[PDB]
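Undergrad: here goes the first bit of my complex:
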Amino acid sequence: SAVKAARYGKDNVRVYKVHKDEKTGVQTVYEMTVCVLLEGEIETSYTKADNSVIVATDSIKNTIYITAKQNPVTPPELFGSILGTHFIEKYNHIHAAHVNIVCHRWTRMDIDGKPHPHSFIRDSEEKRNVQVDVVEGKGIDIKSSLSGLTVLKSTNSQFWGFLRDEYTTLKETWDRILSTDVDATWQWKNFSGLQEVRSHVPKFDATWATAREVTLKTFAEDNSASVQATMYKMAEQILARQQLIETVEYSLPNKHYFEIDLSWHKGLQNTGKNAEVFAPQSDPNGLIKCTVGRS
């Protein structure tokens, strides 16, 4: 037998950082969960019980805190790139670092119509994420994403004209509820190293904001022919607005809301045009994915 692939490190490292402006008194907080996995010339730790090649996962944890102390933690694309580069430069035998960051929302509170200097609210479990792969001699690959963005529209969704055969019971519809949890990922062109990542810093927050805005607007405004057709429109627009993105991937559950026939009870009308009360279905759910790239 032989080791075909190996990676190891520390998962679920929770980190909080505060920035304090002495001038204005304003404080800003960042909270993330970080995972770092390393690869390199480490097979002997598996095959020969040779621990001399192991950077302890406890040390990886320490390094995350030290790096957060000495560097900006925003945008997460930059922080992940700094963190990953550290490992491949510091350790001769480590040749790849894989950094995943989940950013948690701490939104400044408005109190009496004024932004509060040091108080924050978690407005939704929506996350902003990054995956950064730093590979010695091959640069830095960054995938940015948003996830956990949950939306619903109560009309202006249709689904008709699908394949009908002996397995089909679904009725065509011209008016239904559409609800989903959005997972959207944009993949950046490969960067040569940290200097190039630094040169593009302003694009990271801007592109996240664009991706979010395009998602919300298209969802709200499209008279949707299917999840497939609407998601494609989203992806097309993001690629049009940021030339440094190579691909956009969406993964979308179709969270079903079923009509409830109440006609058995006193002829009560609650279907089609008369539908008012629905039963949200926890499972099963449709799952629709697509990756859109350039011609």
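TA: Yep, that arrived. Numbering: from 1, shown residues only, chains lettered A, B, ... in the order given.
Undergrad: drop to CA atoms for contacts and neighbour counts, all remaining ones
TA: Will do.
Undergrad: what's the closest non-adjacent residue to residue A:28?
TA: Once flanking residues are discounted, residue A:28 sits nearest to residue A:19: 5.2 Å by C-alpha to C-alpha, 6 or more residues apart in numbering.
Undergrad: quick one: contacts for the one you found?
TA: A:27, A:28, A:29 (C-alpha atoms under 8 Å, 6 or more residues apart in numbering).
Undergrad: pick out whichever of those residues sits closest to residue A:3.
TA: Set against residue A:3, the nearest of the contacts of residue A:19 by C-alpha to C-alpha is residue A:29 (42.4 Å).
Undergrad: so which bits of the host helix or strand of the closest one are buried?
TA: Here residue A:29 is covered by strand A:27-40, with elements defined by DSSP states H and E. Buried residues in strand A:27-40, counted by 16 or more other C-alpha atoms under 10 Å: A:28-40.
Undergrad: for those, which one is nearest residue A:101?
TA: Residue A:101 has its nearest neighbour among these in residue A:34, at 4.7 Å by C-alpha to C-alpha.
Undergrad: that closest one contacts residue A:84, correct?
TA: No - using C-alpha atoms under 8 Å, residue A:34 and residue A:84 do not qualify as a contacting pair, with a distance of 11.6 Å.
Undergrad: overlap in contacts, these two.
TA: With contacts taken as C-alpha under 8 Å, 6+ apart, residue A:34 and residue A:84 have residue A:99 as neighbours in common.
Undergrad: re earlier: ok, the residue nearest to residue A:28 to residue A:69 distance?
TA: 11 Å (C-alpha to C-alpha, to the nearest Å).
Undergrad: please apply the same query to residue A:230.
TA: Taking C-alpha to C-alpha as the measure, residue A:230 and residue A:69 are separated by 43 Å.
Undergrad: neighbour count winner among these two?
TA: The neighbour comparison of residue A:230 against residue A:69 (other C-alpha atoms under 10 Å) goes to residue A:230, with 18 against 12.
Undergrad: just give the closest residue to that one, not the sequence neighbours.
TA: Counting by C-alpha to C-alpha, 6+ apart, residue A:230 lies nearest to residue A:224, which is 5.9 Å off, once chain neighbours are set aside.
Undergrad: please name the nearest non-neighbouring residue to residue A:250.
TA: Distances taken as C-alpha to C-alpha, 6+ apart put residue A:184 closest to residue A:250, at 4.5 Å, once the chain neighbours are dropped.
Undergrad: following element in sequence after the host helix or strand of residue A:217, please.
TA: Under the criterion DSSP H and E, the helix or strand holding residue A:217 is helix A:201-221. Downstream of helix A:201-221, the first helix or strand assigned by DSSP H and E is helix A:227-241.
Undergrad: the residue nearest to residue A:230 and residue A:153: what is the separation?
TA: For residue A:224, the distance to residue A:153 equals 10 Å [C-alpha to C-alpha].
Undergrad: put chain B on too:
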Amino acid sequence: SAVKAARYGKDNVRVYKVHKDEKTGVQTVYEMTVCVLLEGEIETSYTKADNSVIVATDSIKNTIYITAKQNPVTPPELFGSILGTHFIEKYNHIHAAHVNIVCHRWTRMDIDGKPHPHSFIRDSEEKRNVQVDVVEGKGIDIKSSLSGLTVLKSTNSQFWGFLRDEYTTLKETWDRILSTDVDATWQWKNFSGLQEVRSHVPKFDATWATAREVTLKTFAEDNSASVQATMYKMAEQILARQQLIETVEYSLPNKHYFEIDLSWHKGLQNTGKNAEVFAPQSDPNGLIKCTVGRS
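TA: Alright, chain B goes in next:
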């Protein structure tokens, strides 16, 4: 042996309702999870296998949908009271109904600074809840709550002057992070029946909004001496603003963020006045409760 207490019913009934304004085209959605448990002269179903006394839990589920079709579902205090009253009036042998409702957020989307007519976002897992107990000949008892409101302040929290003995290692502090998930419940004076609940309908949404506003403002503005002292201030204000409330209860975790001493690494300073990077602790957590009533 004897049956000392019994209740039974249907839990986790998900319900969605849409309201459509024909004039304006504007649609509004409500989504809830409902539980209804009944009590009454039902002991023989347990002791003698006498099912004749059982209103099937499946029928309770049907009744929830039918009631939602025929009545407003907002405010939840009113809907719960209608639903509970139904069971005690319809069935001679049922003498109490216990209705719990969790309301899920569907907030109208703003697209290009305009409220969208039929598109919604789940902004946070914060819930608005009601517990309604309808007891034949004893009226309607309603407890209203908000839960899952997660907040953090990065300064203006202190904790010093506590008891110190041979079990104590905690250092006094004049500047710490304070973060919690707020669970706040206000208990209404007993109502004689549905007519009285109806007469107070406007107070329900208003008092929820007040409770939320008081919680957020007090948290942000109090230079907190402890969770105990700040929570008491919240409760006092709510009781002052709504005379029909008898008690206010808060239950608050103290979600700890620990300093990280980095001085072992190149004398790096990250404690006290120099603290920038902290480690959020998933567990254990403080838990502080209090019920405040009138003198």
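Undergrad: the contacts of residue A:19 again, this time with chain B added?
TA: Counting by C-alpha atoms under 8 Å, 6 or more residues apart in numbering or on different chains, residue A:19 touches A:27, A:28, A:29, B:276.
Undergrad: residue contacts, the first one?
TA: Looking back up the chat, that one is residue A:27. Here residue A:27 is in contact with A:18, A:19, A:20, A:21, A:117, A:118, B:154 (C-alpha under 8 Å, 6+ apart).
Undergrad: and for the last one?
TA: If you count contacts by C-alpha under 8 Å, 6+ apart, residue B:276 has them with A:17, A:18, A:19, A:69, B:270.
Undergrad: part of a strand, is the fourth one?
TA: No - Residue A:69: not assigned to a strand; according to DSSP: H, G, I helix; E, B strand; the rest coil it is helix.
Undergrad: find the nearest non-adjacent residue to it, please.
TA: In space, and not counting its chain neighbours, residue A:69 is closest to residue B:277: 6.1 Å by C-alpha to C-alpha, 6 or more residues apart in numbering or on different chains.
Undergrad: does the one you found have beta-bridge partners, and which?
TA: residue A:17 (DSSP bridges).
Undergrad: any idea how far it lies from residue A:14?
TA: As for residue B:277, its distance to residue A:14 is 10 Å (criterion: C-alpha to C-alpha).
Undergrad: more neighbours: which of those two?
TA: Taking other C-alpha atoms under 10 Å in any protein chain shown, residue B:277 and residue A:14 do not tie; residue B:277 has more neighbours (27 against 20).
Undergrad: list the residues that contact the more buried one.
TA: Applying C-alpha under 8 Å, 6+ apart to residue B:277 gives the contacts A:15, A:16, A:17, A:18, A:65, A:68, A:69, B:259, B:260, B:270.
Undergrad: of these, which is the nearest to residue A:164?
TA: Among those, residue A:15 lies closest to residue A:164 (C-alpha to C-alpha), at 51.9 Å.
Undergrad: I'd say the closest one and residue B:278 touch.
TA: Yes - the pair residue A:15 and residue B:278 qualifies as a contact (C-alpha under 8 Å) at a distance of 6.2 Å.
Undergrad: more neighbours: which of the two?
TA: With neighbours defined as other C-alpha under 10 Å, residue A:15 and residue B:278 compare such that residue B:278 has more, 24 against 21.
Undergrad: do you know how far the more buried one is from residue B:81?
TA: Taken as C-alpha to C-alpha, the span from residue B:278 to residue B:81 is 47 Å.
Undergrad: what residue in the stretch 1-150 of chain A comes nearest to chain B?
TA: With C-alpha to the nearest C-alpha as the measure, residue A:124 is the residue of the stretch 1-150 of chain A nearest to chain B, at 3.2 Å.
Undergrad: wait, doesn't that residue sit right on residue A:105?
TA: Yes - look at residue A:124 against residue A:105 with C-alpha under 8 Å: they come within range, at 7.3 Å.
Undergrad: tell me the SS of residue A:109?
TA: strand.
Undergrad: include chain C as well:
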Amino acid sequence: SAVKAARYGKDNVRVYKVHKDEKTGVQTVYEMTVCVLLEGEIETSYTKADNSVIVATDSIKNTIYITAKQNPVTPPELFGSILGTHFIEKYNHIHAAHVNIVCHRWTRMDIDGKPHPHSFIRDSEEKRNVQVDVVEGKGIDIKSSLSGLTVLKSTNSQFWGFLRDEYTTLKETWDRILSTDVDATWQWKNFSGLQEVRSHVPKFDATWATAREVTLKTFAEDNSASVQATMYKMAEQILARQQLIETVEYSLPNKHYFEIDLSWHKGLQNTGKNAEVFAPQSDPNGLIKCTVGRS
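TA: That brings us to chain C, laid onto the chains above:
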């Protein structure tokens, strides 16, 4: 305003203890999650910012570890009673301690038909729990429970003869699936203090084992007329076997498995006597409760 009730302490304190037999080499592990909440003359911490009355929750955490070091942690009824008694005896102004313990399963592994001396498996998320309330001058009240015991029987469950009215669609049945997650609690007669709890130590593990055995056997063997009738049989037997128990409470979800009509597809028969494939329903669920005491 006035403080009507208050309690505070530390939740989610994870504790592991190992016992090592020097003679045999055999090791035994215990893992629990502990919550301790205190009550007493502490209102001034809420109303006057007087922290002098507060035993810090951090100190409560320390006390849990110290108590675990110096005392047996099994049975949990005894450990909870020791822990609770400590607080009311040590602090003059603390008059009640409320201790909740969840015990996690670590079952010794059998390797080649032999019990292994120091290796363990988590066989199911079933828990054994205790709630101990120690109240100065009123003794020790203990509620013991098992929870998270998930079972299913594929036949020998019936449900017919229930109330049928204009809200009813449920068909009577003489053969259905019955599945539940068992939550069962037995409440001990009040104990005068720690000496009395100590005198009954052997009864605690024995009664837990009896409660578990009675639950499983009755579930498997009863040709069940309803969840109500079967649960009552369980409770009756437990009360018959342990005279020091005052009440037994069961809380049981009815986790539904629905038939799937496939006759639309090539006349395929999958209902009634021909039912083979079913759809487990995540929600809603029936919820049936009962408390059984002595005549």
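Undergrad: again for the contacts of residue B:277, chain C present now?
TA: Per C-alpha under 8 Å, 6+ apart, neighbours of residue B:277: A:15, A:16, A:17, A:18, A:65, A:68, A:69, B:259, B:260, B:270.
Undergrad: with residue A:134 instead?
TA: When contacts are counted by C-alpha under 8 Å, 6+ apart, residue A:134 is found next to A:81, A:84, A:85, A:88, A:96, A:97, A:98, A:140, A:141.
Undergrad: ok, now how distant is the residue nearest to it when sequence neighbours are not counted from residue A:196?
TA: Nearest residue to residue A:134 in three dimensions, chain neighbours excluded: residue A:140, at 4.6 Å (C-alpha to C-alpha, 6+ apart). Distance, residue A:140 to residue A:196, using C-alpha to C-alpha: 9 Å.
Undergrad: of those two, who's got more company?
TA: The residue with more neighbours, out of residue A:140 and residue A:196, is residue A:140; 26 against 13, by other C-alpha under 10 Å.
Undergrad: how about the secondary structure of that one?
TA: When classified by three-state DSSP, residue A:140 comes out as strand.
Undergrad: for it, which residues are in contact?
TA: When contacts are counted by C-alpha under 8 Å, 6+ apart, residue A:140 touches A:81, A:132, A:133, A:134, A:190, A:191, A:192, A:193, A:194.
Undergrad: pick the one among the residues you listed closest to residue A:239.
TA: For the contacts of residue A:140, with residue A:239 as the reference and C-alpha to C-alpha as the criterion, the closest is residue A:190, at 15.8 Å.
Undergrad: pretty sure that closest one is touching residue A:135, no?
TA: No - using C-alpha under 8 Å, residue A:190 is not in contact with residue A:135; the gap is 10.9 Å.
Undergrad: hang on, the earlier thing: got TSV for the contacts of residue A:134, with distance to residue A:2 and secondary structure too?
TA: As requested, the contacts of residue A:134 are exported to TSV (distance: C-alpha to C-alpha, whole Å; DSSP: H, G, I helix; E, B strand; the rest coil):
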residue	distance to residue A:2	secondary structure
A:81	31	helix
A:84	27	helix
A:85	28	helix
A:88	24	helix
A:96	20	strand
A:97	22	strand
A:98	23	strand
A:140	28	strand
A:141	28	strand
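Undergrad: bridged to the closest residue to residue A:231 other than its chain neighbours, which residues?
TA: Excluding its sequence neighbours, the residue lying closest to residue A:231 (C-alpha to C-alpha, 6+ apart) is residue A:250, at 7.0 Å. Under DSSP bridges, the beta-bridge partners of residue A:250 are residue A:184, residue A:290.
Undergrad: got the residues of chain A near chain B?
TA: Proximity of chain A to chain B is confined to A:14-19, A:27, A:29, A:65-66, A:68-69, A:106, A:111, A:116, A:118-125, A:149-155, A:216-217, A:220, A:262, A:270, A:276-280 under the rule C-alpha under 8 Å from any C-alpha of the partner chain.
Undergrad: rerun at 6 Å
TA: For chain A, the residues in contact with chain B (C-alpha under 6 Å from any C-alpha of the partner chain) are A:15-18, A:118-124, A:150-154, A:220, A:276-279.
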